[PDB]
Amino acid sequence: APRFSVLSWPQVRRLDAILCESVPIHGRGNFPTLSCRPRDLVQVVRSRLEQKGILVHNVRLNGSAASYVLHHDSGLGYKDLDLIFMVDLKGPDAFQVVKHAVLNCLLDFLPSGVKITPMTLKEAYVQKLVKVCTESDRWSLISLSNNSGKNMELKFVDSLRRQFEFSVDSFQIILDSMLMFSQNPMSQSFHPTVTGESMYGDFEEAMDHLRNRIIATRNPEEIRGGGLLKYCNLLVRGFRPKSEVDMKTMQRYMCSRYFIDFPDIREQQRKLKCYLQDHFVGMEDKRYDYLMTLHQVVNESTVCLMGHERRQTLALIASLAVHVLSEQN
């Protein structure tokens, strides 16, 4: 039952592809659209962080991209490129140093021209900035936009208890052995050894859920409100719970946490509109199936004490589904 595993050659081949594929970084306003390889961005960000005194232990690839590396036939696809930097943030002003380091990296990928302020680069390329500082969790996130609903999230984690929602998207692939390989063609008889970790706690059990398209988790009480939204995305993509008891348990927690995190129905509409716009760029027609899936889960798993909330949310979902249908003919 180990939570670690060494990647095979087809997995290493796909990991090298992702690290070498050029990705665009959209600039708001007059800023040019950048083009960088993920291996280069990791290298330049890690180097400058270490120059400013922030220790970088290792860098990982998370999200559905890691699942695609481990299993190309994953029903998940991959929209986000999630890069996790294992850094030491207990130092003074570490969050601001990380921010300015990444902003300085965007300055390097700019073409020949111009001494551009960090605040102007932030408004140009940073789509989201998150900072969490507590005795238990300490990390930061800087999100860049790939101008197609895709996001490049640079997460800098010092301490984070839970880094997974479900088993099928819980993989982090350490990249350090890949970056030192060049800094020649890669082959089956000559390729670096790569170690992967399953935040779900069992690499082979999670790989089984990925091959068989199973929805499973551990400690569902810790799942955030957004877990319900990802859950319905898994259902539309063909992933199904492992048993009926497992389904009712998971859905009850995700519905309960959904109302806790988003009590205001106005907050629900704004987040639901954002989720539909971001996760269906290549499949706008599937938005109806998603809302019907979400409508069913909310209707069947909302404790009978929250009847007003259940009826409130179902009306919002149905209203969004009508709007989607109204786009045709």
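Note that residue numbering begins at 1 and tracks the sequence as displayed.
- Where coordinates are absent for parts of the deposited sequence, a chain break appears; between neighbours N212 and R213 there is no such break.
- In the deposited entry, the stretch joining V114 to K115 is interrupted by 1 to 3 residues of the deposited sequence lacking coordinates.
- Stretch comparison (125-133 versus 218-226) by mean CA B-factor in the PDB entry places 125-133 on top.
- In this crystal structure, the stretch out of 45-53 and 265-273 whose C-alpha atoms carry the higher mean B factor is 45-53.
- Of the candidates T302, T293, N30, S64, the one whose C-alpha carries the top B factor in the deposited record is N30.
- Going by the entry's values, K150 shows the largest Cα B-factor out of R237, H71, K150, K242.
- Placement of the Cα temperature factor of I25 within the chain: highest third of the modelled residues, per the deposited record.
- Placement of the Cα temperature factor of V97 within the chain: highest third of the modelled residues, per the deposited record.
- In this PDB entry, the Cα temperature factor of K90 sits in the top third of its chain's modelled residues, the highest group.
- Among the modelled residues of its chain, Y231 has a C-alpha B-factor that falls in the lowest third according to the deposited record.
- When the modelled residues of the chain are ordered by their C-alpha B factor, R161 lands in the highest third.
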